[PDB]
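One structure below.
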């Protein structure tokens, strides 16, 4: 059906666009900082062992 | 001979300090408390190799 009040194609495209933008931000932050663990949300056990090391 | 024994005892205490203080993030290695620890190298469970530190 061709309807004007809804766009599921646009909704899906937005969902993957934000998924790609969030991954883009994460990689940019790892490149500038030089660390792959900038927060516990990256890898918690790695943050604790790396902090103790 | 006593003078040489002084450096023997200093070095012997040096070995015990190395054994008791060497660690990997607080995990003592050389004092014998490490014993045997298995390292999981594999994409599925049950594939690990036993490293023994004495």
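Quick notes
- With respect to chain A, whose longest principal axis is taken over its alpha-carbon atoms, helix A:8-33 is tilted by about 20°.
- Residues A:50, B:38, arranged from fewest to most other Cβ atoms within 10 angstrom of their Cβ, appear as B:38, A:50.
- Degrees, to the nearest 10: B:2-21 long Cα axis against longest axis of chain B: 20 degrees
- Counting Cβ atoms of other protein chains within 10 Å of each Cβ in B:21-28 and taking the mean gives 2.
- Across chain B, the mean sequence separation of Cα contacts (distance under 8 Å, 6 or more residues apart), normalised by length, yields a relative contact order of 23 percent.
- Order of B:7, B:20 under a 10 Å beta carbon neighbour criterion, fewest first: B:7, B:20
- With contributions of -39500 (n - 2.57) from each DSSP H run of at least four residues, the per-residue ellipticity at 222 nm computed over the protein assembly as shown stands at -17500 deg cm²/dmol.
- Ranked B:4, A:37, criterion: other C-beta atoms within 10 Å, fewest first: B:4, A:37
For neighbour counting, all protein chains shown are included, and Cβ atoms are generated from backbone atoms with ideal geometry for every residue, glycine included. Read-outs: derived from the displayed coordinates by stated rules, not from any lab.
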